[PDB]
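Colleague:
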Amino acid sequence: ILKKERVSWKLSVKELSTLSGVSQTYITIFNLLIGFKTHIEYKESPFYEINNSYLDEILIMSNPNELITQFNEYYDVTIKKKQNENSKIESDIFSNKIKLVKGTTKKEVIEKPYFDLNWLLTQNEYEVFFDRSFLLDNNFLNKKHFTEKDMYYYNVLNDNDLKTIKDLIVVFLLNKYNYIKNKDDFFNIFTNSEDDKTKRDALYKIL
Amino acid sequence: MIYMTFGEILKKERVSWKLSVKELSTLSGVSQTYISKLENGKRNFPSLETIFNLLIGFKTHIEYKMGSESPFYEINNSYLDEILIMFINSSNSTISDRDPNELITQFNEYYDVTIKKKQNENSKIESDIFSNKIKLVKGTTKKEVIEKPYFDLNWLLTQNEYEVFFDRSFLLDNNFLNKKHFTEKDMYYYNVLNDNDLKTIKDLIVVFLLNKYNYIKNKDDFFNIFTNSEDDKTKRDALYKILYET
Amino acid sequence: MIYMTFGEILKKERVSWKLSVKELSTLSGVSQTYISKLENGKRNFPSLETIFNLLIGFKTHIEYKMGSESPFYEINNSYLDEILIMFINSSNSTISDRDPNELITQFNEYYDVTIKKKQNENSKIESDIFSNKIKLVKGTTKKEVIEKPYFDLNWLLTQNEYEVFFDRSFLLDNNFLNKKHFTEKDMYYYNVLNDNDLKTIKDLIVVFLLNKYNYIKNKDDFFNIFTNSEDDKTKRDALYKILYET
Amino acid sequence: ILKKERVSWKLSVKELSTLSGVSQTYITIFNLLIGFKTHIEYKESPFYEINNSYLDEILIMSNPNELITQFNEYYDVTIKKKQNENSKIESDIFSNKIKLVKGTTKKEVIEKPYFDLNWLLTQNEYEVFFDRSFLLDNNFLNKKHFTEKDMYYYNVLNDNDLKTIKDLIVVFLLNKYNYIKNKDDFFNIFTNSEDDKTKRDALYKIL
Amino acid sequence: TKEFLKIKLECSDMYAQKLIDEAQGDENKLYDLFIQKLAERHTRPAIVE
Amino acid sequence: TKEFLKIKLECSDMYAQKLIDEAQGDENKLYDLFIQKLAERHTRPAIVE
Amino acid sequence: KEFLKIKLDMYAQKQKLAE
Amino acid sequence: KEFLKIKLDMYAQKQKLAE
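In order, the protein sequences belong to chains A, B, C, D, E, F, G and H.
Note that the working numbering numbers the first sequence so that position 2 is 2, with each residue one more than the last.
Note that the working numbering numbers the second sequence so that position 206 is 1206, with each residue one more than the last.
Note that the working numbering numbers the third sequence so that position 238 is 2238, with each residue one more than the last.
Note that the working numbering numbers the fourth sequence so that position 101 is 3101, with each residue one more than the last.
Note that the working numbering numbers the fifth sequence so that position 33 is 4033, with each residue one more than the last.
Note that the working numbering numbers the sixth sequence so that position 46 is 5046, with each residue one more than the last.
Note that the working numbering numbers the seventh sequence so that position 16 is 6016, with each residue one more than the last.
Note that the working numbering numbers the eighth sequence so that position 18 is 7018, with each residue one more than the last.
Encoded structure:
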């Protein structure tokens, strides 16, 4: 159990099983620490300066530069080992055909990119529902005779609405962040083995 | 004169509405393979039930396009009746009794017993329907029960279980490019929407939807009323109460 | 029985629609002072023109509330006629000819010659109207020509001439509170919307409006047609072409 | 004329007349420099560090700490002199009953706060128009007989729309920036003579 | 009946009567008309903060 | 006439005919009906970037 | 005074609520 | 090479386009 920071960050036995190791058997050691590295990072100029140093303390944490240059080596092995397992499905990861669990780079690829908002709005294969709290019939009051589509699926968003929603969302996103014209180039310029400062000045130009 | 065969009329109407074979297959009880054949003439003029299945396919597509509202509900009927008359007075037609009004009345009978059955089967997965645990094919009533509600724009924006992606395009969620150091699989997934953004979006949607469309306080009472077999006039009277408080 | 005076009926109808005196004054040709008096009884039963002005006031307010659409256009008329009949059969009424159908027909005549005049005067400041260079009183047609279009939500969001404020509440446009030094009159005006924000807002509005309401390619042709005196049936036929391309 | 940076920032003879001095007579000297101090600032951690230093060069700029501590004194006089003229209309400036010209603290107070977006949407006195490009009638197709309101003012936004617009705008603003509950306290805590670092740690608490 | 039309639609009693008197007899016609205007008035109040 | 209904409303010719045949004679009734469905189809394409 | 460990062992052990 | 004076005498003389 050691210094139980699992609870001090609010985690569980089915959460750390997915993150790293555990395997539905809470009580190898090197591996489990990874399941809290990106967690501080998800949950900048002055931050990352003291984010590493926060988990560096725990490295020390019965039952220095000792582990600062020994465990930190194991990081660079297992991230490039899985990144070579990620290069074997890179098309799935660009198309977004993947179940990325919240603050969790544990994955499982799927036939259609279900969890892409911009896919769901901009696709003509399947009906898109909303809450059962909205009557989206529009000509409801002029329907003296109801079909099965009326009865069970009065909650379906129509094309005119699906397009209005998508255009609100991107009008919004365009205000806060910046657009990436070269979708594939930007993705491939970062998914490579090259150093953080290498592509730093390269990506900026694209923008 | 030269009069078209059943197959030639099926194709004429099918392509008029810009339907593919799969599209009409999925709309009707008829297989992709048998439709094509009936249009060629490799299989012989069909049973009155397949003519009825096919017309149901058309019905649950002209209603999707033109609308099932009061004026167009009738116009949709008179049209389906007209298409029905045509298949009956086809060049290669094998139907003995060529009475319009009977065959119309048969077709309406066949839809009523059909929808009663299609209601009764929907009532067996009632929960899965209402909870939106259904894959539903655009422009059709053809449903497939699924694990979750993946095709519910609200359920996606709601859950924090999985990370919700946006097209890799307006995908610069790292508004703070002050970071000179880049994280483990941070540049891999730089599209994901943060719980702030994902609920800034839900807000914008509902504010919009609240303006256009009626809100339903009794999600469950509304659904129970709508879905149950009951005189449409009794039904709509009952639904109007729920909505507008009457 | 005890039957109400004209003044007592004027008040009854005026308060039924939750109108103040100023509100009915502004809607009618009648002064704030003379209305009050007519309701008291300090001035005597009035001329048929003031009864007509007052009813115009009601007309251009029941239309604002109930709507001037096809069913309610008639119901609005039968109501105004009924109110007209009442003022005529008042206890202190001095009207000789107590013929319903004449007095109705007079009132309609009086509105037609009135609107012709109100059109002809609008045609003199035509440009000022169309360019939205008008102060317009909520729930009324009462217009005041102004320097600019200040009451055009689009014109405000458009111009970069003046800084556009938001209520001092969601007013933290300095998203970057990294600044340890504060500028000359920067904390005074920390509400102003930046040209990015002000046109992020225009976008959101038009995307919404485009979804609900018809867009007009020929802003000028539409306006010219609508505003000109012409048989309403000829007019609406002409307007429908412009909009929907017919 | 000297080093004509008027043109290098794209200004004019009717723009500098309003900003400072000029008086429709382009060719006292100390005063006009003010009409370019806030201009670099409108058009942060690393910026203000080198914004001042940019106009400090121009102080030097024929026909040191010489003017760094002499002209910079004239700044603190004329800004507290007008700030005592601004305290005489502070109610107008909080209510937003003021014509603040773009990147220009030249003012003129007005009877109703016309240039407040949130006022225009949330006021029941005057009709609010939009472009002449939108037919906002809704029951237009069911109007066989047209009124004057129909004909000349088919472009009026109705209450249901004015409220939807306001709620989109604030749902948006709530995402980017933070809300100030104490509207009057926040305004008065900054409109005072006290030093920039004084209220720096005081305002943060409010948030 | 009349008083429900008054409150819901926000008209007068005299106007509520004229509203009934036209499409009179037909309860369903009067009802449909009622419900039509009642759907126009939307939930414009949204969850503001 | 028929071919304009076809293209605009996006129906078939047979369906365009049945659309005319009901409310037939009354050009204005058929016209009103036409324009009604034509206003439903909104400018959903907006100025995206 | 543990005014950060409840507002946001490790992190406590050493613009977070400005978001 | 005057690649800032056109992208954004004084300022030229000495996250601006990241907005």
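Ideal placement from N, C-alpha and C gives every residue a C-beta, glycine not left out.
Could you please tell me which residues of the segment 2053-2084 of chain C, in chain order, have their CB closer than 8 angstroms to any CB of chain E?
Modeller: Listed in sequence order: 2062, 2065, 2066, 2067, 2071, 2072, 2074, 2075, 2078, 2079, 2082 and 2083.
Colleague: Where do the ends of the beta strand (DSSP E) carrying residue 2134 (chain C) lie?
Modeller: Counting along the chain, the beta strand (DSSP E) containing residue 2134 (chain C) begins and ends at 2134-2136.
Colleague: Quick check on this structure: which residue in F:5031, F:5046, F:5048 and F:5026 has the alpha carbon closest to the alpha carbon of residue 5008 (chain F)?
Modeller: Residue F:5031 is the option with its Cα nearest to residue 5008 (chain F).
Colleague: In chain order, what residues of the same chain have a beta carbon less than 7 angstroms from the beta carbon of residue 2053 (chain C), not counting five sequence neighbours either side?
Modeller: So the qualifying residues of the chain are 2028, 2029 and 2030.
Colleague: How would you list, in chain order, the residues of chain C whose beta-carbon sits under 8 angstroms from the beta-carbon of residue 168 (chain A)?
Modeller: In chain order: 2204, 2207 and 2208.
Colleague: What did DSSP end up calling residue 152 (chain A) once you bin it into helix, strand or coil?
Modeller: Here residue 152 (chain A) sits in helix by DSSP.
Colleague: Does the structure place the segment 2233-2244 of chain C close enough to the segment 5032-5039 of chain F that three or more beta carbon pairs sit under 8 angstroms?
Modeller: The segment 5032-5039 of chain F is in contact with the segment 2233-2244 of chain C.
Colleague: Going along the chain, which unbroken runs of the beta strand (DSSP E) with 3 or more residues stay wholly within the segment 131-193 of chain A?
Modeller: Here no run is fully enclosed.
Colleague: Use the C-beta contact count for residue 3066 (chain D): other C-beta atoms within 10 angstroms, 16 or more gives buried, fewer gives exposed.
Modeller: The residue in question, residue 3066 (chain D), is exposed, as its Cβ has fewer than 16 Cβ neighbours within 10 Å.
Colleague: For residue 3022 (chain D), name the three-state secondary structure that DSSP assigns.
Modeller: Looking at residue 3022 (chain D) - three-state DSSP - the assignment turns out to be coil, as it is neither helix nor strand.
Colleague: Between which two residues does the alpha helix (DSSP H) carrying residue 2233 (chain C) extend?
Modeller: Taken as a continuous stretch (DSSP letters only), the alpha helix (DSSP H) holding residue 2233 (chain C) covers 2232-2244.
Colleague: Taking just the CA atoms, how far does residue 3055 (chain D) sit from residue 29 (chain A)?
Modeller: Computed Cα separation, rounded: 59 angstroms.
Colleague: Which value, in whole angstroms, describes the spacing of the CA atoms of residue 3120 (chain D) and residue 3080 (chain D)?
Modeller: For residue 3120 (chain D) and residue 3080 (chain D), the distance between alpha carbons rounds to 32 angstroms.
Colleague: Looking only at its chain, what residues have a beta carbon closer than 8 angstroms to the beta carbon of residue 1207 (chain B), apart from the 5 residues adjacent to it on each side?
Modeller: Hits under 8 angstroms: none found.
Colleague: Short of 7 angstroms Cβ to Cβ, which residues in the segment 2030-2043 of chain C face chain E?
Modeller: The residues in question: there are none.
Colleague: Does DSSP put residue 126 (chain A) in a helix, in a strand, or in coil?
Modeller: If DSSP states are grouped into helix, strand and coil, residue 126 (chain A) belongs with the strands.
Colleague: In whole angstroms, what is the alpha-carbon distance linking residue 3035 (chain D) and residue 3179 (chain D)?
Modeller: Answer to the nearest angstrom: the Cα atoms are 32 angstroms apart.
Colleague: In this structure, how does DSSP classify residue 1074 (chain B) when only helix, strand and coil are distinguished?
Modeller: Of the three classes helix, strand and coil, the one that applies to residue 1074 (chain B) here is helix, per DSSP.
Colleague: Check each candidate in A:147, A:182, A:128 and A:173 and name the one with the smallest Cα separation from residue 2204 (chain C).
Modeller: Out of A:147, A:182, A:128 and A:173, A:173 has the C-alpha closest to the C-alpha of residue 2204 (chain C).
Colleague: In whole angstroms, what is the alpha-carbon distance linking residue 5077 (chain F) and residue 1007 (chain B)?
Modeller: Limits of chain F in this structure are 5001 at one end and 5049 at the other, which puts residue 5077 (chain F) out of reach.
Colleague: Going straight from the alpha carbon of residue 1170 (chain B) to that of residue 1189 (chain B), what length do you get?
Modeller: Each residue's Cα considered, the two are about 13 angstroms apart.
Colleague: Should residue 1026 (chain B) and residue 1140 (chain B) be called a contact, given that it needs their Cβ atoms to be closer than 8 angstroms?
Modeller: Yes, the pair counts as a contact, with Cβ atoms nearer than the cut-off.
Colleague: What three-state label does DSSP hand residue 1145 (chain B) in the structure shown?
Modeller: Strand at residue 1145 (chain B).
Colleague: Can you list the residues of chain E that residue 2013 (chain C) reaches, using a CB-CB cut of under 8 angstroms?
Modeller: Result: 4012 and 4014.
Colleague: What are the boundary residues of the alpha helix (DSSP H) that residue 72 (chain A) is part of?
Modeller: From DSSP, the alpha helix (DSSP H) with residue 72 (chain A) extends over 71-86.
Colleague: Please report the straight-line C-alpha distance between residue 1238 (chain B) and residue 1226 (chain B), rounded to a whole angstrom.
Modeller: If I take the Cα positions, the gap works out to 9 angstroms.
Colleague: Indicate whether the contact test is met: 3 or more Cβ pairs, each with one atom in the segment 2004-2019 of chain C and one in the segment 2033-2045 of chain C, closer than 8 angstroms.
Modeller: A contact exists between the segment 2004-2019 of chain C and the segment 2033-2045 of chain C.
Colleague: Give me, in chain order, the residues of the same chain whose beta-carbon lies closer than 6 angstroms to that of residue 3107 (chain D); leave out the 5 immediate sequence neighbours on both sides.
Modeller: Contacts found: 3098.
Colleague: For residue 116 (chain A), which of helix, strand or coil comes out of DSSP?
Modeller: Strand.
Colleague: Counting only Cβ-Cβ distances shorter than 7 angstroms, please list the residues of the segment 3093-3108 of chain D near chain C, keeping chain order.
Modeller: Cβ contacts with chain C come from 3093, 3094, 3096, 3099, 3100, 3101, 3102 and 3105.
Colleague: Do the CB positions of residue 2004 (chain C) and residue 2091 (chain C) come within less than 8 angstroms of each other?
Modeller: Taking 8 angstroms as the Cβ cut-off, residue 2004 (chain C) and residue 2091 (chain C) qualify as a contacting pair.
Colleague: For the alpha helix (DSSP H) containing residue 5024 (chain F), list its first residue and its last residue.
Modeller: Careful: residue 5024 (chain F) lies outside any alpha helix (DSSP H) and carries neither H nor E.
Colleague: Please classify residue 1192 (chain B) as buried or exposed, where buried requires at least 16 other C-beta atoms within 10 Å of its C-beta.
Modeller: Looking at its Cβ environment, which holds 16 or more other Cβ atoms inside 10 Å, residue 1192 (chain B) is buried.
Colleague: Can you grab the Cα-Cα spacing for the pair residue 1168 (chain B) / residue 92 (chain A), in whole Å?
Modeller: Whole-angstrom Cα-Cα distance: 13 angstroms.
Colleague: Here's a check: name, in chain order, each residue in its chain whose Cβ is nearer than 8 angstroms to the Cβ of residue 3186 (chain D), leaving out the five neighbours to either side.
Modeller: Hits under 8 angstroms: 3180, 3203 and 3206.
Colleague: Where residue 2228 (chain C) and residue 2035 (chain C) are concerned, what is the direct C-alpha to C-alpha distance, given to the nearest angstrom?
Modeller: In a straight line, the C-alpha of residue 2228 (chain C) is about 33 angstroms away from that of residue 2035 (chain C).
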